[PDB]
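J.: The structure under discussion is supplied below as structure tokens; questions concerning it will follow.
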Amino acid sequence: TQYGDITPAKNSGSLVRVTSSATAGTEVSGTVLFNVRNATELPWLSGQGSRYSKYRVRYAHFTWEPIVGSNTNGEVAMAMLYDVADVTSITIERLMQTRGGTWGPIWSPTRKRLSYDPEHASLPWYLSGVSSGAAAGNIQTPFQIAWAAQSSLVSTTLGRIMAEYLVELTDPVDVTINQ
Amino acid sequence: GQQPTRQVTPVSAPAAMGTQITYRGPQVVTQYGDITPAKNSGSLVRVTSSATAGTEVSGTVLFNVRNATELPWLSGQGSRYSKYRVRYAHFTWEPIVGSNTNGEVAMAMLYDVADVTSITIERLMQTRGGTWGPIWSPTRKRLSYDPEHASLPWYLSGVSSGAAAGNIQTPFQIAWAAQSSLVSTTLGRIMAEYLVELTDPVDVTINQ
Amino acid sequence: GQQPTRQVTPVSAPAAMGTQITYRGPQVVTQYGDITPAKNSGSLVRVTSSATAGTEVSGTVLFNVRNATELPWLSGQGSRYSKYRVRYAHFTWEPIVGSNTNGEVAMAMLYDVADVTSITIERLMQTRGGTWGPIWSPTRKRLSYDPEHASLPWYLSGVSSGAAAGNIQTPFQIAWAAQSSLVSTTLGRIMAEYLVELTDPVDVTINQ
Amino acid sequence: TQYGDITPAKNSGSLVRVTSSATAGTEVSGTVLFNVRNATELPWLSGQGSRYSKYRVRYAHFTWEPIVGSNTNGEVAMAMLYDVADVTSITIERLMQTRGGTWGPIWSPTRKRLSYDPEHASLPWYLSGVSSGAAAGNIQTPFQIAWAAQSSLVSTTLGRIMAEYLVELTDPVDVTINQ
Amino acid sequence: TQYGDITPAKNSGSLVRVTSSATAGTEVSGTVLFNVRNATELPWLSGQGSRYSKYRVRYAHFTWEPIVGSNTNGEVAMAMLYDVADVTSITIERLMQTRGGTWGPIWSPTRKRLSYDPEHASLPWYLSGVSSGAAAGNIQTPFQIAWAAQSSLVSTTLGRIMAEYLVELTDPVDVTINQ
């Protein structure tokens, strides 16, 4: 197969901004879908997912980016999920029991990054689509990043979750038709 | 000429101490005999400050193959076996607070599911396994289980309600107490790495 | 028996991190060809907080042999040569603040003298060269120029006003953005070590 | 790539006629753009620049051609510039400080010729165009020849500046469209 | 030449007290002349400069002495100048481009000290004098210490600039005549 058939998208960026609960010390959870179509958290990537039919993730590393001082009193955790249907009960003690679970103090930048395991992809090429539904979801997104944090600080942004990746897109499509 | 007159040791404290922890996965292997070793680690308790500043907070945890609350993973294993015993279990303190903070923490080991009241720091310090230290710093000495003194060669994977029944199904409990000038703030977590040996398989439905 | 279940890493933060820097002097050498390598280092920008706490501050710097504002030394060289090109250029963040402080910083590389608006942290993070981190800590990964992708084998030592003229005289720019809870306080500086090759001498008066 | 795609234009010719100031002994300056489009000083070359899109200079040597006797009292100088914007303050003492600067007595034919340095070209292929402007200028012309002379003689032509070159043109264009 | 003809003055002391601007975050500059006659900042030394005609500096090391806590938000810089006439535009980014320039955080005591380079002295023996004027100045003082600092703190003394030196004096003079 010739050159060009696969287009690599290598870049990084802020996945999400993690901000504390309005009630001091209350865990805050979240789940982020890794898509070429998640325009909210993967803008740069989304602008391309939209113009290609299929895609696959070559590699993706996630890390915690703190933006609060050393005296802050919080904790953070991340793990990788592979079922779009898994969206509840995201607690810290649970992420610490699921694949890649990384926990640490709020002020500390992640040392041992969390990474995608491609050799276990549920399928060769995922679809650049938006069809709602659990099944449809798992066929359009390879994995998700579950996270949970907590802090005595009230309604303050603690930091972000960074992502350094490289994904390959294939089969160009018209932005409009492709939706 | 002569020997030294004193011994100087440089001491220092950072703005904040802590620990990052990445989960690698549980370790399970079937072996000859009926023995099958389950190894794992994770968070045990989320220790949070008292609503009244400086007041002590406390509690205890049952070490069970069927304690779905704190040892969820282990429960999955426990549900399929009839008996078990602990090879080793080590508990440790992990700070979420800066060194600026005031307070202290302590934990020890109990061997009677019934003893669950009057837990306090000064009291845990005189209980076997006593570990402690300023709240803001990870615990140096860890808390380890002592299987040579187990009351039962093999404990039961059951859920019967009694106090005795509890002691026949639980080899020990983790008592802990802490206090801090902070108010209703999560001070840190107690981590655990352990290895238990399950034996005598049984259908989960029946094992209840 | 088995492998580990987790991986523990001790983490810590000092009251304040920083860097002392002593200037050793610029390095210049004439060589065969018309090539003459200029090597130097220094401060690029003095990054100072917004008057409105927490608000983002930003800006960009043109990499020029004739940017008397931020690269004064390099200007002296630029004024005497007609063309040049960058061998390497690395930029880095240096904190003047204690670890107690809140905020973050980020920088990346741009290649069009015209793109100088809408600079923000979240946006620099998705731009080539993106580096970032809590404001109080020196930047681990540095920002380096990529000469293999230069648009011109040799750029011009000129000062013409156009946007195109600007791109013909500037191989790249440094975008950066930062925010902090502090108000109108100088957060730190962006340092730079670089090496450029000047060529084709010319009387300074005329080179303008 | 096949034969013919690049057309070599090898030739020489008079660049400019240098004539003295009306006021005896006053330096006279000048700047000549090396273009496939400078019809005033590079006629032969210009007639081709006009019918090709891009081009590059393989080599170019400049020399002073005196046409006045040994008793004449003047001096001449040349140097090479690479910014179309550099057009003022062209004095002899300055050319003698810029690349290739060659100075000598008026009656004497240049010995050590001035030459273009291709390995330093600002770009691979220059454009055969006429768009005015500094930037546009530098993209259409690779370099210029700055010169300055002076002589007690009044308003008399001292000599010429010769050019022996070889430039390669590429991409034919219609003479009209190309402007 | 016999013993005694040269008198060594070895000692150290506080050069200057660096105090912040009344307007938070405004750089504060300064220049200190290294004299046997600068009674304001080199008292101990000055009391001898006054009674000797000439002198030279064997060695001199300067360092930053902070007196404010780790949480302070400032920066400091020093460099060495050799022209008494150089007294303006003393900014941090500039000191960092001049000889020996040392920059660092406000709370941190200098590690790599700044030192005088005797082998480059403009002259063998300097004069213990006070005559005003640029020239006269450069003949009485071998060098100066330029410094600049800034801090969010308002009108507070940040620290001092220390000096550990050894200078040789020669040719005793009457304190009065010598002025």
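Identifiers in this document derive from the order of the structure tokens: chains are assigned A, B, ..., residues are numbered from 1 separately in each chain, and ligands are numbered from 1 in order of occurrence.
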I'm after chain D in the frame of chain A: fit it by least squares over all Cα atoms matched in order, and give me the output as a compact mmCIF listing (two decimals) with C-alpha atoms, in the first residue's frame.
T.:
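Saved to superposed-v4.txt:
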# COMPACT_ATOMS: atom_id res chain seq x y z
CA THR D 1 0.00 0.00 0.00
CA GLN D 2 1.24 3.44 -0.88
CA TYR D 3 2.38 6.42 1.11
CA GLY D 4 -0.36 8.80 2.17
CA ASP D 5 -3.08 6.20 2.71
CA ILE D 6 -2.50 6.63 6.44
CA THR D 7 -2.19 10.09 7.94
CA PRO D 8 -0.40 10.38 11.29
CA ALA D 9 -1.60 13.01 13.74
CA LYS D 10 1.11 13.53 16.32
CA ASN D 11 0.59 16.16 18.96
CA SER D 12 -0.35 16.75 22.56
CA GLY D 13 -2.76 18.98 24.45
CA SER D 14 -4.92 19.59 27.51
CA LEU D 15 -7.52 16.87 27.89
CA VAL D 16 -9.56 18.36 30.73
CA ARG D 17 -9.39 21.03 33.39
CA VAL D 18 -10.02 19.42 36.76
CA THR D 19 -11.76 21.78 39.14
CA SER D 20 -12.78 21.04 42.76
CA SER D 21 -16.22 20.59 44.24
CA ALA D 22 -18.27 23.49 45.58
CA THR D 23 -18.44 21.53 48.86
CA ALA D 24 -14.96 21.35 50.33
CA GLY D 25 -13.37 17.89 50.22
CA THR D 26 -15.86 16.20 47.90
CA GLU D 27 -14.44 13.81 45.28
CA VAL D 28 -15.07 14.97 41.70
CA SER D 29 -15.20 12.33 38.95
CA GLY D 30 -15.02 12.30 35.21
CA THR D 31 -14.55 10.25 32.10
CA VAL D 32 -12.99 11.39 28.84
CA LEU D 33 -13.49 9.61 25.54
CA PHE D 34 -10.47 9.38 23.31
CA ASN D 35 -11.94 10.30 19.89
CA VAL D 36 -10.98 11.99 16.72
CA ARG D 37 -14.47 13.38 17.32
CA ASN D 38 -14.34 14.74 20.87
CA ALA D 39 -14.24 18.43 19.91
CA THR D 40 -14.58 19.62 23.51
CA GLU D 41 -11.37 18.12 24.87
CA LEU D 42 -9.50 17.18 21.69
CA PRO D 43 -10.05 20.22 19.44
CA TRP D 44 -6.92 19.91 17.33
CA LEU D 45 -7.58 16.23 16.84
CA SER D 46 -11.32 16.64 16.24
CA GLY D 47 -10.78 18.96 13.33
CA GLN D 48 -9.29 16.00 11.48
CA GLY D 49 -11.40 13.18 12.79
CA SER D 50 -14.23 15.01 11.10
CA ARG D 51 -12.62 14.66 7.65
CA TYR D 52 -11.59 10.96 7.85
CA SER D 53 -13.64 7.77 8.06
CA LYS D 54 -11.53 5.40 10.21
CA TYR D 55 -8.55 5.70 12.56
CA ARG D 56 -6.37 3.93 15.14
CA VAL D 57 -4.20 5.05 18.07
CA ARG D 58 -0.50 4.37 17.67
CA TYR D 59 0.30 5.59 21.18
CA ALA D 60 -1.12 7.88 23.86
CA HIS D 61 0.35 8.95 27.19
CA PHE D 62 -1.55 10.77 29.88
CA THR D 63 -0.16 12.79 32.72
CA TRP D 64 -1.37 15.10 35.51
CA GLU D 65 -0.49 18.78 35.17
CA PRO D 66 -0.92 20.59 38.51
CA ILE D 67 -1.48 24.34 38.64
CA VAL D 68 -1.85 24.73 42.43
CA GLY D 69 0.86 25.24 45.06
CA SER D 70 2.62 22.71 47.27
CA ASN D 71 0.45 23.58 50.29
CA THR D 72 -2.74 22.47 48.53
CA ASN D 73 -4.55 19.51 50.12
CA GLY D 74 -5.73 17.15 47.45
CA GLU D 75 -5.26 13.87 45.63
CA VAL D 76 -5.80 12.80 42.00
CA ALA D 77 -6.19 9.51 40.14
CA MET D 78 -6.52 8.20 36.58
CA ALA D 79 -7.05 4.86 34.93
CA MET D 80 -8.04 3.52 31.53
CA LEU D 81 -11.41 2.13 30.62
CA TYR D 82 -12.46 0.30 27.50
CA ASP D 83 -16.26 0.25 27.76
CA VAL D 84 -18.12 3.44 26.92
CA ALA D 85 -20.89 2.07 29.14
CA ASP D 86 -18.61 2.25 32.23
CA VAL D 87 -19.40 5.76 33.53
CA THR D 88 -20.57 5.49 37.13
CA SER D 89 -19.10 4.90 40.53
CA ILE D 90 -15.83 6.51 39.51
CA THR D 91 -14.09 6.76 42.89
CA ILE D 92 -10.39 7.07 43.67
CA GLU D 93 -10.06 3.73 45.48
CA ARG D 94 -11.57 2.12 42.39
CA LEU D 95 -9.39 3.73 39.78
CA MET D 96 -6.48 2.45 41.86
CA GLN D 97 -7.68 -1.06 41.12
CA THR D 98 -8.17 -0.70 37.42
CA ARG D 99 -5.55 -0.84 34.67
CA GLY D 100 -2.85 1.81 34.78
CA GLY D 101 -4.33 3.42 37.84
CA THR D 102 -2.08 6.28 38.94
CA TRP D 103 -2.64 8.13 42.20
CA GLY D 104 -0.62 10.90 43.79
CA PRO D 105 -0.70 14.28 45.58
CA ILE D 106 -2.40 17.19 43.87
CA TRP D 107 0.64 19.47 43.57
CA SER D 108 2.89 16.77 42.10
CA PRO D 109 3.29 16.36 38.29
CA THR D 110 2.90 12.74 37.21
CA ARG D 111 6.16 10.81 36.97
CA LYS D 112 5.08 7.40 35.69
CA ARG D 113 2.67 8.28 32.90
CA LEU D 114 -0.46 6.32 32.00
CA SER D 115 -0.38 4.74 28.53
CA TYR D 116 -2.60 3.13 25.93
CA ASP D 117 -2.06 -0.57 25.16
CA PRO D 118 -2.59 -0.92 21.33
CA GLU D 119 -1.80 -4.62 21.14
CA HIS D 120 -5.10 -5.15 22.91
CA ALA D 121 -7.28 -2.92 20.79
CA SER D 122 -10.76 -4.39 20.47
CA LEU D 123 -10.43 -3.71 16.77
CA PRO D 124 -7.87 -2.75 14.04
CA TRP D 125 -9.52 0.48 12.95
CA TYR D 126 -12.07 2.55 14.82
CA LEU D 127 -14.76 4.63 13.18
CA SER D 128 -14.80 8.40 13.07
CA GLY D 129 -18.47 8.74 13.93
CA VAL D 130 -20.91 10.18 16.43
CA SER D 131 -23.82 7.74 16.51
CA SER D 132 -25.09 7.63 20.09
CA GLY D 133 -25.43 4.33 21.92
CA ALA D 134 -23.17 1.99 23.87
CA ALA D 135 -22.25 -0.35 21.02
CA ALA D 136 -21.86 2.42 18.46
CA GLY D 137 -19.75 4.18 21.08
CA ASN D 138 -17.29 1.34 21.57
CA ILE D 139 -16.83 1.11 17.80
CA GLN D 140 -15.94 4.78 17.50
CA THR D 141 -13.73 5.13 20.54
CA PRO D 142 -10.91 2.74 21.64
CA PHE D 143 -10.77 3.84 25.29
CA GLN D 144 -11.52 6.44 27.92
CA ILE D 145 -9.69 8.14 30.74
CA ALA D 146 -11.42 7.88 34.08
CA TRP D 147 -10.30 10.35 36.72
CA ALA D 148 -11.25 11.50 40.19
CA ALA D 149 -9.82 14.16 42.47
CA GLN D 150 -10.68 15.82 45.77
CA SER D 151 -9.43 18.85 47.67
CA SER D 152 -10.20 21.10 50.62
CA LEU D 153 -10.14 23.98 48.09
CA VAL D 154 -13.57 25.10 46.97
CA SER D 155 -14.54 25.29 43.31
CA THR D 156 -10.97 25.95 42.19
CA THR D 157 -9.25 24.47 39.18
CA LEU D 158 -6.56 22.09 40.42
CA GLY D 159 -4.81 21.27 37.17
CA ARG D 160 -5.27 19.57 33.83
CA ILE D 161 -4.84 16.14 32.41
CA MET D 162 -2.31 16.19 29.58
CA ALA D 163 -2.18 13.91 26.58
CA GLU D 164 0.76 13.29 24.25
CA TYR D 165 -0.36 11.12 21.35
CA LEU D 166 -0.02 9.92 17.79
CA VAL D 167 -3.05 8.54 15.96
CA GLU D 168 -3.37 7.36 12.39
CA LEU D 169 -6.31 8.37 10.28
CA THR D 170 -7.38 6.76 7.05
CA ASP D 171 -9.95 7.15 4.27
CA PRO D 172 -10.66 10.87 3.73
CA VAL D 173 -14.30 11.94 3.85
CA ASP D 174 -16.23 15.11 3.24
CA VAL D 175 -16.71 16.97 6.52
CA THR D 176 -20.48 17.22 5.93
CA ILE D 177 -21.28 13.72 4.77
CA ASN D 178 -19.18 12.51 7.69
CA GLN D 179 -21.38 13.02 10.71
J.: List the neighbours of residue B:102 out to 9 Å using only C-alpha atoms; skip same-chain residues closer than 2 positions along the sequence, and give me the result as a list in words.
T.: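 Near residue B:102, the qualifying residues are residues 54, 99, 100, 104, 134, 135, 136, 179, 180, 181 and 182 of chain B.
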J.: Residues of chain C were defined as contacting chain D if any atom lay at most 7 Å from it, counting only C-alpha atoms; please report them as a list in words.
T.: residues 82, 152, 153, 154, 155, 158, 160, 164, 165, 200, 201, 202, 203, 205, 206, 207 and 208 of chain C
J.: Quick one: residues within 12 Å of residue B:198, only C-alpha atoms, excluding same-chain residues fewer than 2 positions away - as a ChimeraX atom specification?
T.: /B:28-31,33-39,64-66,74-87,154-157,195-196,200-202
J.: Store the residues of this selection in a file with N, CA, C and O atoms, as a CSV table (one decimal), in the first residue's frame.
T.:
chain,number,residue,atom,x,y,z
B,28,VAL,N,-2.3,-13.6,40.5
B,28,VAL,CA,-2.9,-14.8,40.9
B,28,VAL,C,-2.3,-16.0,40.2
B,28,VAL,O,-2.1,-16.0,39.0
B,29,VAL,N,-2.1,-17.1,41.0
B,29,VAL,CA,-1.5,-18.3,40.5
B,29,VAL,C,-2.1,-19.5,41.2
B,29,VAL,O,-2.2,-19.6,42.4
B,30,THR,N,-2.5,-20.6,40.4
B,30,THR,CA,-3.0,-21.8,41.0
B,30,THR,C,-1.7,-22.7,41.2
B,30,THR,O,-0.8,-22.7,40.4
B,31,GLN,N,-1.7,-23.5,42.3
B,31,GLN,CA,-0.5,-24.3,42.5
B,31,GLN,C,-0.9,-25.7,43.0
B,31,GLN,O,-2.1,-25.9,43.2
B,33,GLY,N,-1.5,-28.8,45.4
B,33,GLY,CA,-2.2,-28.7,46.7
B,33,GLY,C,-3.5,-28.0,46.3
B,33,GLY,O,-3.9,-28.1,45.1
B,34,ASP,N,-4.2,-27.4,47.2
B,34,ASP,CA,-5.4,-26.7,46.8
B,34,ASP,C,-5.1,-25.2,46.8
B,34,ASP,O,-5.9,-24.4,46.5
B,35,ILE,N,-3.8,-25.0,47.2
B,35,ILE,CA,-3.3,-23.6,47.4
B,35,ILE,C,-3.3,-22.8,46.1
B,35,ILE,O,-2.9,-23.3,45.0
B,36,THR,N,-3.7,-21.6,46.2
B,36,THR,CA,-3.8,-20.6,45.1
B,36,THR,C,-3.6,-19.2,45.8
B,36,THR,O,-4.5,-18.7,46.4
B,37,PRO,N,-2.4,-18.7,45.7
B,37,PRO,CA,-1.9,-17.4,46.2
B,37,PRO,C,-2.5,-16.2,45.4
B,37,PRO,O,-2.3,-16.1,44.2
B,38,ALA,N,-3.1,-15.3,46.1
B,38,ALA,CA,-3.7,-14.0,45.6
B,38,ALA,C,-2.8,-12.9,46.1
B,38,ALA,O,-2.7,-12.8,47.4
B,39,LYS,N,-2.3,-12.1,45.3
B,39,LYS,CA,-1.5,-11.0,45.7
B,39,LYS,C,-2.0,-9.7,45.1
B,39,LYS,O,-2.4,-9.6,43.9
B,64,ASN,N,-10.6,-9.4,55.5
B,64,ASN,CA,-11.4,-10.5,55.0
B,64,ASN,C,-11.3,-10.7,53.5
B,64,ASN,O,-11.1,-9.8,52.7
B,65,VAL,N,-11.6,-12.0,53.1
B,65,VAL,CA,-11.6,-12.3,51.7
B,65,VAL,C,-13.0,-11.9,51.3
B,65,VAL,O,-13.3,-11.9,50.1
B,66,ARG,N,-13.9,-11.5,52.2
B,66,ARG,CA,-15.2,-11.1,52.0
B,66,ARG,C,-15.6,-9.8,52.6
B,66,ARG,O,-16.6,-9.7,53.2
B,74,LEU,N,-10.2,-8.5,46.7
B,74,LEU,CA,-10.1,-9.7,47.4
B,74,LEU,C,-11.4,-10.4,47.6
B,74,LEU,O,-11.5,-11.7,47.6
B,75,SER,N,-12.5,-9.7,47.6
B,75,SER,CA,-13.9,-10.3,47.7
B,75,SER,C,-14.2,-11.2,46.5
B,75,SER,O,-14.7,-12.3,46.7
B,76,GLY,N,-13.8,-10.8,45.3
B,76,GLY,CA,-14.0,-11.6,44.2
B,76,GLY,C,-13.4,-13.0,44.3
B,76,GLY,O,-13.9,-14.0,43.9
B,77,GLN,N,-12.2,-13.0,44.9
B,77,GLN,CA,-11.5,-14.2,45.2
B,77,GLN,C,-12.2,-15.0,46.3
B,77,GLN,O,-12.5,-16.2,46.1
B,78,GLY,N,-12.4,-14.3,47.4
B,78,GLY,CA,-13.1,-14.9,48.6
B,78,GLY,C,-14.4,-15.7,48.2
B,78,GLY,O,-14.6,-16.8,48.7
B,79,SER,N,-15.2,-15.1,47.4
B,79,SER,CA,-16.5,-15.7,47.0
B,79,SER,C,-16.4,-17.1,46.4
B,79,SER,O,-17.3,-17.8,46.5
B,80,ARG,N,-15.2,-17.4,45.8
B,80,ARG,CA,-15.1,-18.7,45.1
B,80,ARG,C,-14.3,-19.7,46.0
B,80,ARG,O,-14.3,-20.9,45.6
B,81,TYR,N,-13.8,-19.4,47.1
B,81,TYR,CA,-13.1,-20.3,47.9
B,81,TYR,C,-13.7,-20.5,49.3
B,81,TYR,O,-14.4,-19.6,49.8
B,82,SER,N,-13.5,-21.6,49.9
B,82,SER,CA,-14.0,-21.9,51.2
B,82,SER,C,-13.2,-21.4,52.4
B,82,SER,O,-13.7,-20.8,53.4
B,83,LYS,N,-11.9,-21.7,52.3
B,83,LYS,CA,-10.9,-21.3,53.4
B,83,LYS,C,-9.8,-20.5,52.8
B,83,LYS,O,-9.6,-20.3,51.6
B,84,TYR,N,-9.0,-19.9,53.7
B,84,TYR,CA,-7.9,-19.1,53.3
B,84,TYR,C,-7.0,-18.8,54.5
B,84,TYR,O,-7.3,-19.1,55.7
B,85,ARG,N,-5.9,-18.1,54.3
B,85,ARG,CA,-5.0,-17.6,55.3
B,85,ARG,C,-4.1,-16.6,54.7
B,85,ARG,O,-3.9,-16.6,53.5
B,86,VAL,N,-3.6,-15.7,55.5
B,86,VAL,CA,-2.8,-14.6,55.1
B,86,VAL,C,-1.3,-14.9,55.2
B,86,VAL,O,-0.7,-15.2,56.2
B,87,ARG,N,-0.6,-14.8,54.0
B,87,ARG,CA,0.9,-15.0,54.0
B,87,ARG,C,1.5,-13.8,54.6
B,87,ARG,O,2.4,-14.0,55.4
B,154,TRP,N,-6.3,-22.1,59.2
B,154,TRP,CA,-7.1,-21.7,58.0
B,154,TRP,C,-8.4,-21.0,58.4
B,154,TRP,O,-9.2,-21.6,59.1
B,155,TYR,N,-8.5,-19.8,58.0
B,155,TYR,CA,-9.8,-19.1,58.3
B,155,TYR,C,-10.8,-19.3,57.3
B,155,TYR,O,-10.5,-19.8,56.2
B,156,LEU,N,-12.1,-19.0,57.6
B,156,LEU,CA,-13.2,-19.3,56.7
B,156,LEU,C,-13.7,-18.1,55.8
B,156,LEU,O,-13.8,-17.0,56.3
B,157,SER,N,-14.0,-18.5,54.6
B,157,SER,CA,-14.6,-17.5,53.7
B,157,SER,C,-16.1,-17.6,53.9
B,157,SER,O,-16.8,-18.4,53.2
B,195,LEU,N,-0.8,-10.7,50.5
B,195,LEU,CA,-0.8,-12.0,49.8
B,195,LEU,C,-1.5,-13.0,50.6
B,195,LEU,O,-1.2,-13.2,51.8
B,196,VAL,N,-2.6,-13.5,50.1
B,196,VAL,CA,-3.4,-14.5,50.8
B,196,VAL,C,-3.5,-15.8,50.0
B,196,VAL,O,-3.4,-15.8,48.8
B,200,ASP,N,-9.8,-24.8,48.7
B,200,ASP,CA,-11.1,-25.4,48.6
B,200,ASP,C,-12.1,-24.6,47.8
B,200,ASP,O,-12.8,-23.8,48.4
B,201,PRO,N,-12.1,-24.7,46.5
B,201,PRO,CA,-13.1,-24.0,45.6
B,201,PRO,C,-14.5,-24.3,46.0
B,201,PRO,O,-14.8,-25.3,46.6
B,202,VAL,N,-15.4,-23.4,45.6
B,202,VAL,CA,-16.8,-23.6,45.9
B,202,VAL,C,-17.6,-22.6,45.0
B,202,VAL,O,-17.2,-21.5,44.7
J.: Could you find all residues in stretch 113-202 of chain B that DSSP calls alpha helix (DSSP H) from the backbone, and write them as a PyMOL selection string?
T.: chain B and resi 121-124+163-169
J.: Let me see the file: selected residues, C-alpha atoms, as a short mmCIF file (atom, residue, chain, number, x, y, z; two decimals), in the first residue's frame.
T.:
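Output (part19.cif):
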data_model
loop_
_atom_site.label_atom_id
_atom_site.label_comp_id
_atom_site.auth_asym_id
_atom_site.auth_seq_id
_atom_site.Cartn_x
_atom_site.Cartn_y
_atom_site.Cartn_z
CA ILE B 121 -3.77 7.52 69.27
CA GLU B 122 -2.18 7.22 72.71
CA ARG B 123 -3.85 3.80 72.91
CA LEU B 124 -2.78 2.48 69.54
CA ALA B 163 -18.78 -12.00 66.94
CA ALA B 164 -17.28 -15.49 67.16
CA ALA B 165 -18.26 -16.19 63.56
CA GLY B 166 -16.47 -12.96 62.76
CA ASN B 167 -13.29 -14.11 64.47
CA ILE B 168 -13.41 -17.42 62.62
CA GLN B 169 -13.59 -15.58 59.30
#
J.: Could you make a table, as a Markdown table, of the residues of chain B that have an atom within 12 Å of an atom of chain C, each with its nearest atom pair and distance in Å to one decimal, counting only C-alpha atoms, in chain and number order?
T.:
| residue | atom | partner | partner_atom | distance |
| --- | --- | --- | --- | --- |
| B:12 | CA | C:14 | CA | 10.2 |
| B:13 | CA | C:14 | CA | 8.2 |
| B:14 | CA | C:14 | CA | 4.8 |
| B:15 | CA | C:15 | CA | 4.8 |
| B:16 | CA | C:13 | CA | 5.4 |
| B:17 | CA | C:12 | CA | 4.6 |
| B:18 | CA | C:11 | CA | 5.1 |
| B:19 | CA | C:10 | CA | 4.5 |
| B:20 | CA | C:9 | CA | 5.1 |
| B:21 | CA | C:8 | CA | 4.6 |
| B:22 | CA | C:7 | CA | 5.1 |
| B:23 | CA | C:6 | CA | 4.4 |
| B:24 | CA | C:6 | CA | 4.7 |
| B:25 | CA | C:5 | CA | 5.3 |
| B:26 | CA | C:5 | CA | 5.7 |
| B:27 | CA | C:2 | CA | 6.7 |
| B:28 | CA | C:2 | CA | 8.3 |
| B:29 | CA | C:2 | CA | 8.5 |
| B:30 | CA | C:2 | CA | 11.9 |
| B:31 | CA | C:1 | CA | 11.5 |
| B:36 | CA | C:1 | CA | 12.0 |
| B:37 | CA | C:1 | CA | 9.5 |
| B:38 | CA | C:2 | CA | 9.8 |
| B:39 | CA | C:5 | CA | 7.2 |
| B:40 | CA | C:5 | CA | 5.6 |
| B:41 | CA | C:5 | CA | 6.1 |
| B:42 | CA | C:6 | CA | 8.2 |
| B:43 | CA | C:6 | CA | 11.4 |
| B:92 | CA | C:8 | CA | 11.8 |
| B:94 | CA | C:10 | CA | 10.3 |
| B:95 | CA | C:11 | CA | 10.8 |
| B:96 | CA | C:11 | CA | 11.3 |
| B:97 | CA | C:12 | CA | 11.4 |
| B:98 | CA | C:13 | CA | 9.2 |
| B:99 | CA | C:13 | CA | 9.9 |
| B:100 | CA | C:15 | CA | 10.2 |
| B:136 | CA | C:12 | CA | 11.4 |
| B:137 | CA | C:12 | CA | 10.4 |
| B:138 | CA | C:10 | CA | 9.3 |
| B:139 | CA | C:10 | CA | 12.0 |
| B:191 | CA | C:8 | CA | 10.8 |
| B:192 | CA | C:6 | CA | 10.4 |
| B:193 | CA | C:5 | CA | 7.8 |
| B:194 | CA | C:5 | CA | 9.4 |
| B:195 | CA | C:5 | CA | 10.3 |
J.: As a list in words, please: the residues near stretch 105-120 of chain B (cut-off 7 Å, only C-alpha atoms, same-chain neighbours under 6 positions excluded).
T.: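 Final neighbour list, sorted by chain and number: residues 58, 59, 60, 127, 128, 129, 130, 131, 132, 133, 134, 135, 143, 163, 166, 167, 171, 172, 173, 174, 175, 176, 177, 178 and 179 of chain B.
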J.: Could you check how far atom CA of residue B:189 sits from atom CA of residue B:46, in Å to one decimal?
T.: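 Atom CA of residue B:46 lies 4.6 Å from atom CA of residue B:189.
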J.: So how many Å separate atom CA of residue B:103 and atom CA of residue B:190, to one decimal?
T.: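 Atom CA of residue B:103 sits 15.9 Å away from atom CA of residue B:190.
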